[PDB]
């Protein structure tokens, strides 16, 4: 049913964006995560001036976006607890020419300004999920280590295409490459020997 994968800190997905560039006036990223670790990179897309970086940082959800002329950084956290509580949490990030929106469970922020510029929402370089090469620190990544925990239904969507990255990794795609080996289920995180 749902496309899930468990990352153990040495594994990541990489969807080849070189031979198929992506451009749009708006885009959207959705995923659910479950984890016990305080820090870890969940998703990065973009090696250009444009990028989106989504990570856990000290048990908070961290989002860093470079949307053309401007930059956005947010940190989100429950008040009496953290997001590395071994429970699923749902993330949705929406960008367009005038506005960025992020929601994590019961909190939503929408922020924008009049840009008055011609810009392109795209990325040439690989779309990374769950981690990234160790000798490759990605633009705007606040954390330096790969994810440990579960990611589910990672989907990137724009006005041209919709990529079910979690599904593609589970099934297979010549542009979808997996570093290491990951189980396409959510393992009991309390026991990650």
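Positions refer to the first chain, counted from 1.
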Residue stretch of maximal mean CA temperature factor, 112-120 vs 85-93 = 112-120
Avg C-alpha B-factor, entry values, 27-35 vs 41-49, higher side is 41-49
Hey, out of 148, 163, 136, 56, whose CA B-factor is highest in the deposited coordinates?
-> 136
Top Cα B factor in the deposited entry, candidates 60, 155, 143, 168 = 168
Comparing against every modelled residue in the chain, figure out the third that the C-alpha B-factor of residue 64 lands in (lowest, middle or highest).
-> lowest
Ranked by Cα temperature factor within the chain, is residue 5 in the lowest third, the middle third or the highest third?
-> lowest
CA B-factor ranking of residue 126, expressed as a third of its chain | highest
